[PDB]
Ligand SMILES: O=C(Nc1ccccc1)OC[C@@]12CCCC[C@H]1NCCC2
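In the block that follows, a single chain appears as structure tokens, in the form solved without this ligand.
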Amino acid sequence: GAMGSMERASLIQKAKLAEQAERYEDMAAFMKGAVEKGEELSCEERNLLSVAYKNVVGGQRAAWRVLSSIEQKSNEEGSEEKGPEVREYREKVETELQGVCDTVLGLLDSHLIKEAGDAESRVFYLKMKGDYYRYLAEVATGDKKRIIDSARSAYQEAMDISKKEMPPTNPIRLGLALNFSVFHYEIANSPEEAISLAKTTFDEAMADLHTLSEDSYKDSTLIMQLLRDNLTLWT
């Protein structure tokens, strides 16, 4: 761990600076270093961890999709063989993406999840575990089935806790439901489950808005709009 010699507080400060500078690989490395100090993460710190790795893996997913599309075209009926380079480079990006997902899953398993007792932290980390198995599933082929079930299992455990312990407008609960619904649609080939979850999530949050402050209202309605965006594409 290259960050072993830096103070925890310094790593967090530098993570925030890296975010401001849009240096998300640095941000992720700082937050990994902070996690490896062994202490639980605060709410702000959990969000720094998630933002950093989401940005890193996001660039990799976008690149992988570009290359996978080029690869497919080069295999269509009537394409000129362009040698191994597209496949080779797609495999390179794919391997780097898998390495990042494996790093995140490692932090969750050693030892963020097991030390997470409060619902807000445990649901947050289980959602992350679902998300990074989902990103692995997007590039998998054969043990795709096992990866998909790992994602499903993480998301389901998060959903069970969130429904027992959080209000329907809680933003963590809402973002979990959004992502699990996209899992159902894109990964599990269960569009009806995806639509049902999105609708039920949206309707139950609508009925709980009346309890929120102006600040909380803005936070919940933001994610609700994403559920609605998806439902519009799906129905």
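Numbers follow the displayed sequence, beginning with 1.
The same protein has a further form, the form deposited with this ligand bound, not shown here; the description that follows concerns it.
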| property | result |
| --- | --- |
| This ligand contact in the deposited complex: residue 185, any heavy atom under 4.5 Å | no |
| Proximity of residue 211 to this ligand in the deposited complex, heavy atoms at 4.5 Å | no |
| Contact flag, residue 70 vs this ligand in the deposited complex, heavy atom cut 4.5 Å | no |
| In the deposited complex, residue 18 touching this ligand (heavy atom, 4.5 Å) | no |
| Within 4.5 Å of this ligand in the deposited complex: residues from 162-181 (heavy atom criterion) | none |
